[PDB]
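*Asks:* Chains as they are written, first to last, in UniProt numbering: chain A, 1 to 197; chain B, 23 to 217, 230 to 269, 276 to 298; chain C, 459 to 492; chain D, 198 to 387; chain E, 474 to 630; chain F, 5 to 142, 151 to 176, 188 to 215, 223 to 235, 259 to 308.
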Amino acid sequence: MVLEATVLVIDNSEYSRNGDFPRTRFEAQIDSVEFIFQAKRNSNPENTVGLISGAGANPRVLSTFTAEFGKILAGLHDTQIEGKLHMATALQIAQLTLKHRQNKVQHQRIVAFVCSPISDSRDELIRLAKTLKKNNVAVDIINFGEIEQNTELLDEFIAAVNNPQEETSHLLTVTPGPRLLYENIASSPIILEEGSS
Amino acid sequence: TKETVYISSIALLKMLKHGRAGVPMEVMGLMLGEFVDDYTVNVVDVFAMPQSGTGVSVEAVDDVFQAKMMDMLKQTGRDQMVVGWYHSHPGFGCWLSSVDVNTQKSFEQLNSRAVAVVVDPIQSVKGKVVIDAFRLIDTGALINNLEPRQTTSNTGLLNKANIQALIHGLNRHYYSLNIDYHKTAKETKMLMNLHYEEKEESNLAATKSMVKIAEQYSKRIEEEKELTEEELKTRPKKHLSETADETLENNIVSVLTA
Amino acid sequence: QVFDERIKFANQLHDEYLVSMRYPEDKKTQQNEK
Amino acid sequence: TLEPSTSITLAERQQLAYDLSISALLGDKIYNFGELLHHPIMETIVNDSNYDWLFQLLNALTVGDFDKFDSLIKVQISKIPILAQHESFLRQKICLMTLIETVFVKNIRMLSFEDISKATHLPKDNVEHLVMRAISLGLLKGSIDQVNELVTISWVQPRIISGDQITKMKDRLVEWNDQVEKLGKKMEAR
Amino acid sequence: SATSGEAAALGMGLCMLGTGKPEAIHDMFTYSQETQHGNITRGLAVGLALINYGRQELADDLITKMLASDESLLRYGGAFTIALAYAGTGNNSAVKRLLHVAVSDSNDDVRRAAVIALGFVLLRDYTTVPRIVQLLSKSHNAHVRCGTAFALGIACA
Amino acid sequence: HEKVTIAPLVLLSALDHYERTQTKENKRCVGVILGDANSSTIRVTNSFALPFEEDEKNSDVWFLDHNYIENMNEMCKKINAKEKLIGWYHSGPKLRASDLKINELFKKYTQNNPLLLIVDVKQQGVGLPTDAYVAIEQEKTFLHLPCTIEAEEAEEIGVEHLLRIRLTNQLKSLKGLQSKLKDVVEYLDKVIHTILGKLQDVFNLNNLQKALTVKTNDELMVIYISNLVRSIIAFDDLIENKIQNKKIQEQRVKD
């Protein structure tokens with residue numbers, strides 16, 4: 001629709017290598033970033049997508065906002081393949097990342113793919129949701145594969161940041177059916193209701 | 023008329039190091055800063071243009087590389103626009119050639135406040151930096167012909183030949199200016215760090243001198259013996281005084297070790 | 459201790475050398491010369 | 198490296214502690230009992246079944262009773278010839294370093310033969326034999342004078358197990374801080 | 474706006490002549506350091522000298538604060554403050570302060586401001602004015618030789 | 005060991021990034037340095053400034069933009085091809101716990117041992133506040157090297173334009200003593223290892262200097278002997294000037 005800044009937060013933890021996708025799901029997110037990159041770059045004439053890995057590699061940044069997909073796809077193979085996922089310190093990295101974008105009129109949005117549930121307490125997400133809500137930061141949560149063995153631990157994070165779909169607080173639940181990876185987030189209201197595909 | 027152009031202390035060492043590194047090719051770089059009316063030109067930070075073998079021509083300015091670097095400087099705390107550029111002229115004085123003026127005319131339509139600075143990193147090694155600025159015409163105080171540049175004092179025209187020929191008559195493409203530098207109380211002590231790390235280094239000269247302390251004073255006394263016989267055959277003092285002055289300072293430092 | 463008093467005699471004569479140096483030449487500038 | 202990770206269970210620590218007791222008593226390299234107090238070796242094991250001999254090491258070296266060394270290791274161990282040569286090498290370092298800190302006042306670390314002959318209970322021939330061996334290993338820079346019956350010893354050993362001299366050296370630094378401050382103010386006026 | 478600001482700085486000084494307003498001293502001095510305009514900053518330094526006229530030792534509070542700053546324009550007006558306050562009958566400590574400012578400081582405009590201020594403190598006797606001027610007229614830094622030239626034109630005229 | 009030499013262009017640049025950025029609320033300004041670390045004397049000919057934000061209450065949250073790393077590389081290679089990234093500097097003397105995490109960010113870009121530079125913007129110390137540490141294998153320890161100033165006509169000349188023995192050393196010795204006094208007092212409050227190991231070696235290596266005093270005065274009087282003949286020669290300079298001035302007086306009277 002309009003200009004926006006998209007930040008993709010992947011999961012490098014130990015449960016990200018599971019078989020939710022054929023071969024290794026750790027290599028599946030390579031196509032997830034490519035699907036969002038081709039969808040957002042073709043929608044607007046100027047758009048950039050960032051990449052932040054906060055699981056097991058410490059809150060580092062593989063690639064920041066850029067218009068080239070060469071270094072983004074290459075950094076996913078040599079990164080840390082196993083670790084512990086922490087969503088409390090990972091979302092704070094993308095908050096300071098949005099100030100480095102191209103245009104200041106772009107909408108602030110954070111897209112995070114959560115594979116396994118975090119072991120940290122949910123009390124930190126309460127104060128974290130109120131921080132992103134005051135700055136009007138869109139939160140996109142994709143929870144898949146962790147619903148079978150555990151309940152969603154980010155529901156309390158969404159309840160505090162809860163806002164109508166026209167602003168922030170976008171929560172998604174992917175059905176564990178025999179469906180392709182790029183088709184799971186395609187039917188979800190992510191790239192839908194935009195200017196062009 | 024004379025105009026005071028303020029330049030930050032950080033911009034001097036950057037423009038000096040850039041032009042001094044390469045001796046030939048007459049390098050170039052941009053600048054950043056603000057202005058106070060038309061009578062004051064402030065320079066805060068400077069920019070470094072990429073190198074080219076054309077010697078500051080119309081093709082040596084890359085608008086693609088210029089636009090990408092200024093976007094990163096705004097996030098580093100630089101809110102100031104481009105106040106002009108500086109051009110090095112090794113071996114010569116401060117003057118503008120036919121190519122430098124024609125290149126300067128290309129930026130008049132973009133920013134009329136641009137200032138072309140002529141820096142000489144070669145001949146500036148005497149302790150007084152030789153540098154001069156040349157500002158374009160943004161008018162607003164001028165229109166056709168008027169009298170800008172209040173606060174007329176300090177140095178004179180200088181330059182070389184053609185620039186000082188026409189000042190008030192044609193002010194458009196060239197006129198003389200002056201250079202001034204602004205400092206603060208904190209920036210003064212930043213360069214004062216030249217003089230317990232230095233305490234240990236001070237004893238290193240006296241450490242190796244303890245082995246030669248017999249041979250160090252022997253070579254000085256025997257040297258004074260030959261200088262003494264020089265004054266006997268006169269019927276000199278400068279060679280004897282300079283030799284003795286070096287021996288007096290060496291004896292006081294040795295006492296400081298005790 | 460003896461070597462200290464010897465150098466004091468040197469700096470004393472240097473200051474005494476400054477006592478009368480320019481004094482006899484002070485009247486040369488005020489008096490009109492050729 | 199065993200404590201942080203890689204099988205931190207006590208199964209491998211019981212077999213390792215048995216080797217740490219043999220290497221500490223026989224090994225003359227690093228102190229004697231000094232390293233045993235740094236790592237929780239005896240704290241993770243029991244005090245009996247031939248693990249008590251580590252406690253007798255500190256009491257035999259500090260006191261020096263001959264009956265302690267004979268009962269410190271029985272025949273099931275001491276039959277190894279390595280201990281026969283190192284029997285006198287264990288008490289040579291502790292008895293020597295104890296006399297160094299005792300004689301030290303200000304500038305004098307010097308020792309005599311009678312002071313060492315009382316601690317080690319050996320004649321003057323064995324004094325220069327055992328001390329020189331520890332000096333050649335780099336533990337001491339000093340030497341021994343056989344003629345005048347004087348032993349000069351420099352400062353090499355870092356002398357671990359601190360806390361006695363921390364309060365003493367704190368006032369010594371104040372003395373250095375005062376002398377420099379007093380002489381520093383005199384150089385400003387004159 | 475520095476276009477009309479140059480006149481406002483010199484205008485308020487003539488109103489503060491003599492005793493003047495005590496609150497006007499701290500307001501014009503603090504605003505001068507926060508002003509980025511060149512003509513306004515140099516104008517307020519001259520205005521501060523016009524505030525204290527004939528104060529003599531009563532102006533030592535403003536004289537100390539102006540000479541303590543490292544700015545170039547603030548040290549320029551500090552020499553004129555001593556000239557107007559000590560004008561007519563002067564003090565032996567007023568000339569001593571003007572001599573140290575024109576030596577240690579490397580600013581050519583501040584050095585010439587201290588040597589020209591000597592004519593106002595010597596207005597009591599015009600005979601001894603050239604005695605000091607002849608010593609300062611042979612020095613280097615021709616900017617100083619200009620300020621010493623008017624020292625005979627301020628007093629002996 | 006090695007040595008660290010930094011031109012005043014880099015020292016003044018790191019000190020001017022605090023006021024321009026307007027950093028407040030007790031934060032830090034991180035920037036990158038360029039030079040050649042391959043030789044025994046590290047020379048830093050260039051420096052830059054990068055945006056850095058880290059939480060004070062949480063040391064596990066840090067962010068650094070890598071675009072400035074790739075942008076300055078493409079910018080320098082088009083100007084100075086002899087400059088590469090040798091490390092980075094900080095805004096303050098006090099070391100934080102994030103020095104090990106920042107060292108992992110530049111280990112891929114730097115082709116040599118990353119150089120840790122420490123610059124004090126407050127300048128509350130004596131002499132040169134700038135410190136230079138080298139991170140080596142300990151996990152990791154920081155070895156400090158002496159920092160100097162580069163002598164060249166491309167830097168120090170501009171310093172002379174802007175600006176224009189033992190007494191200072193004794194004041195520097197007091198700074199090192201006060202650091203050890205506060206370290207012992209604060210250690211006792213936290214209780215009732224590397225410092226205590228090197229502390230006892232200082233006392234045993259100025260009560261010990263009194264043993265060589267008998268041999269110290271051997272070379273002390275030689276200074277006075279050298280000063281005795283030094284003062285005598287000084288008379289030949291002053292007396293000759295008196296004879297020269299005496300001849301000038303005879304020339305003015307006869308004229």
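From the three backbone atoms N, C-alpha and C, an ideal C-beta is built for every residue, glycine too.
Using DSSP with H/G/I as helix, E/B as strand and the rest coil, what is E234/B?
*Replies:* Correct three-state label for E234/B: helix.
*Asks:* DSSP state of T49/F, grouped into three classes?
*Replies:* It is a strand residue.
*Asks:* Going by DSSP in three states, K228/F sits in which element: helix, strand or coil?
*Replies:* Helix, per DSSP.
*Asks:* For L8/A, which residues in the same chain have their Cβ closer than 7 Å to its Cβ, ignoring the five residues on either side in sequence?
*Replies:* Excluding positions up to five away in sequence, the list reads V33, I36, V49, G50, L51, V111.
*Asks:* Does the region 301-308 of chain D touch the region 347-365 of chain D, meaning 3 or more C-beta pairs lie closer than 8 Å?
*Replies:* Cβ pair count under 8 Å is three or more, so yes.
*Asks:* Give the residues of chain E in contact with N176/B, contact being defined as C-beta atoms less than 9 Å apart.
*Replies:* Chain E residues near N176/B: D581, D582, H616.
*Asks:* Return the Cβ separation of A497/E and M489/E in integer angstroms, given the expectation that the two are a contact with Cβ distance under 8 Å.
*Replies:* Yes, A497/E and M489/E are in contact; Cβ-Cβ is about 6 Å, under 8 Å.
*Asks:* Note the first and the last residue of the continuous beta strand (DSSP E) segment covering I90/F.
*Replies:* That run of the beta strand (DSSP E) goes 88-94.
*Asks:* Leaving out five residues before and five after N184/A in sequence, what residues of the same chain have Cβ atoms less than 6 Å from its Cβ?
*Replies:* Only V174 meet the Cβ criterion.
*Asks:* Would you decide whether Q289/D is buried or exposed? Buried here means 16 or more other CB atoms lie within 10 Å of its CB.
*Replies:* Its Cβ being crowded by 16 or more others within 10 Å, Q289/D is buried.
*Asks:* If we ignore side chains and look at the alpha-carbon of each, how far apart do residue 309/B and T97/A end up?
*Replies:* Residue numbering for chain B in the displayed model covers 23 to 298; residue 309/B lies beyond these limits and cannot be assessed.
*Asks:* Quick one, are the C-beta atoms of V594/E and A567/E less than 8 Å apart?
*Replies:* Yes, these two residues count as a Cβ contact at 8 Å.
*Asks:* Indicate whether the contact test is met: 3 or more Cβ pairs, each with one atom in the region 491-508 of chain E and one in the region 533-541 of chain E, closer than 8 Å.
*Replies:* Flag = yes, the region 491-508 of chain E and the region 533-541 of chain E touch.
*Asks:* Measuring CA to CA, which of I188/F, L38/F, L273/F is closest to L121/F?
*Replies:* It is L38/F.
*Asks:* Straight-line CA distance for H223/F to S359/D?
*Replies:* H223/F and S359/D: Cα-Cα distance of roughly 9 Å.
*Asks:* Name the residue from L229/F, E23/F, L157/F, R100/F whose alpha carbon lies nearest to the alpha carbon of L204/F.
*Replies:* Among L229/F, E23/F, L157/F, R100/F, the Cα nearest to that of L204/F belongs to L229/F.
*Asks:* Would the region 117-131 of chain B count as touching the region 69-76 of chain B if we require 3 or more Cβ pairs under 8 Å?
*Replies:* Verdict: no, contact absent.
*Asks:* Terminal residues of the continuous alpha helix (DSSP H) containing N490/C?
*Replies:* Taken as a continuous stretch (DSSP letters only), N490/C belongs to no alpha helix (DSSP H), as it is neither H nor E.
*Asks:* For the region 286-300 of chain F, which residues have a beta carbon sitting closer than 9 Å to at least one beta carbon of chain C?
*Replies:* Under the 9 Å Cβ criterion, the region 286-300 of chain F contributes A287, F288, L291, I292, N294, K295, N298.
*Asks:* Among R597/E, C629/E, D582/E, which one has its Cα closest to the Cα of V617/E?
*Replies:* It is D582/E.
*Asks:* Does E58/F come out as helix, strand or coil in the three-state DSSP assignment?
*Replies:* Strand, per DSSP.
*Asks:* Going straight from the alpha carbon of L62/A to that of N116/F, what length do you get?
*Replies:* C-alpha separation (whole angstroms): 21 Å.
*Asks:* Give me the Cα-Cα distance between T79/A and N18/A, rounded to the nearest whole angstrom.
*Replies:* Computed Cα separation, rounded: 17 Å.
*Asks:* Take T241/D as the anchor and find which of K379/D, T206/D, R356/D, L337/D has the nearest alpha-carbon.
*Replies:* For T241/D, the nearest C-alpha among the options comes from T206/D.
*Asks:* With 16 as the cutoff for other CB atoms within 10 Å, does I296/F come out buried or exposed?
*Replies:* It counts as exposed.
*Asks:* Near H283/D, what residues of its chain come up, given a Cβ to Cβ distance below 7 Å and the 5 sequence neighbours on each side ignored?
*Replies:* Only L223, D225 meet the Cβ criterion.
*Asks:* Based on the DSSP secondary-structure assignment, which residues constitute the bridge partners of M50/B?
*Replies:* Paired residues: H109/B.
*Asks:* Taking DSSP's pairing of strands, which residues face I29/B in a bridge?
*Replies:* BP columns for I29/B point to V65/B, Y203/B.
*Asks:* Classify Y599/E as buried or exposed, calling it buried when 16 or more other Cβ atoms lie within 10 Å of its own Cβ.
*Replies:* Per the 10 Å Cβ criterion, exposed.
*Asks:* Taking the alpha-carbon positions, what's the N280/F to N77/F distance?
*Replies:* Distance between the alpha carbons of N280/F and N77/F: 59 Å.
*Asks:* Does any CB atom of chain B fall closer than 8 Å to the CB of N564/E?
*Replies:* Output row for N564/E: interface = no.
*Asks:* Could you check where the alpha helix (DSSP H) with residue 314/F kicks off and where it finishes?
*Replies:* As shown, chain F starts at 5 and ends at 308. That puts residue 314/F outside it, with no answer to give.
*Asks:* Is the CB-CB distance between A575/E and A560/E below 8 Å?
*Replies:* No; because the gap between Cβ atoms is not below 8 Å, this pair is not in contact.
*Asks:* Looking at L89/F and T49/F, is the spacing between their C-beta atoms short of 8 Å?
*Replies:* Not closer than 8 Å, so no.
*Asks:* By the three-class DSSP mapping on this structure, what secondary structure does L98/A have?
*Replies:* Note: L98/A maps to helix in three-state DSSP.
*Asks:* Between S43/A, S53/A, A160/A, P59/A, which has its C-alpha nearest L128/A's C-alpha?
*Replies:* Among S43/A, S53/A, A160/A, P59/A, the Cα nearest to that of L128/A is on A160/A.
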